[PDB]
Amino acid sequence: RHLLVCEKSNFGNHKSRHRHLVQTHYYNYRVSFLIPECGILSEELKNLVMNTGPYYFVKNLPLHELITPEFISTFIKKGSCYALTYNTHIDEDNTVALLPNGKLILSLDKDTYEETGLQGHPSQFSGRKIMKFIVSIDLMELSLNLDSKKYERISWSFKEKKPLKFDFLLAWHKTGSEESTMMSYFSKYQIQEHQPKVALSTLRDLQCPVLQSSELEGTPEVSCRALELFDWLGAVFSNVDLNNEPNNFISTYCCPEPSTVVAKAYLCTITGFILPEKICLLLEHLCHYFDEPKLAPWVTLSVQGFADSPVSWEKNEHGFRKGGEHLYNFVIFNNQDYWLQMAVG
């Protein structure tokens, strides 16, 4: 975990793109937040934490099922649809992703890419050699002209030539006045409904860094740096989330100084296939956590993505390509000021 982007802004500022940032990070695996000096969690938040689902899981779902006029009209055009292959490593195994754009992006190896007969581009290189290819398919555009030679070629590839199938993670944010569930649509394949793992961990007597909202690199002996928080925050999670065997359950990390000891430390961790719309809701609540006066100096929101997701050629607003395992933090202060941190592994 190395820090790429570290910025300061305010949720009340027009220039703040915190909404766009969360929304453009589609595939989120782990969502965690930490509140210093907080004993009991509020009912408004606890309901929000307990309802970040649901998501779905389908075994060996063929790709031709995702390009039918049925699927496009039902899910893609009537809401934000999300999908990603499960237990398939990007460096070697094939990987497919469905963006809320409607774009079907599949990352294939050299052998598979040739067999599909689709036009894509070299993705990852091993020197002069080519290991991975990326094929992008816009199902929103293709829906306009399903009778085109483009579509039947792509259809023929998925159906007759090279019938690919994968284990898929599925989720759907509904903006539909006409309702039809995903459990019924994919009944022929044994689809499962799932709810994200919620883990509340209360830490006693926790040493926490002292921060200054307007000082990213801090003022020596007065407040810590944003970089120091980043490493400390990752260390806290590492000890609590690992839940080691009887041999390494003792924490070895150190807290940056100047610091402050906190009696009640609440630490929540949501795990599964979390939609960015749910994270937006969570971020909004944590933002307004300081509407009432609190004992907390600040709160933290952390989001980890999936390691095995396709990496497009389009770059984000921060100067690097979208996709892959993202890892960002929101350090929320009591005046709606926040720190935005991003990292790569």
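Don't overthink the numbering: it's just position in the shown sequence, from 1.
The question of which stretch, 236 to 244 or 137 to 145, has the higher mean Cα B factor is settled in favour of 236 to 244. With 121 to 129 and 94 to 102 compared on mean CA B-factor from the PDB entry, the stretch scoring higher is 121 to 129. Ranking 197, 153, 264, 225 by the C-alpha B-factor listed in the PDB entry places 264 at the top.
The PDB entry gives the largest Cα B-factor of the residues 284, 277, 70, 317 to 70. Ranked within its chain, residue 203 lands in the highest third, by CA B factor from the PDB record.
For residue 326, the recorded CA temperature factor ranks within the lowest third of the chain's modelled residues. Among all modelled residues in its chain, residue 305 ranks in the lowest third by Cα B-factor.
The entry lists a Cα temperature factor for residue 313 that places it in the highest third of the chain's modelled residues. Sorting the modelled residues of the chain by their CA temperature factor places residue 229 in the middle third.
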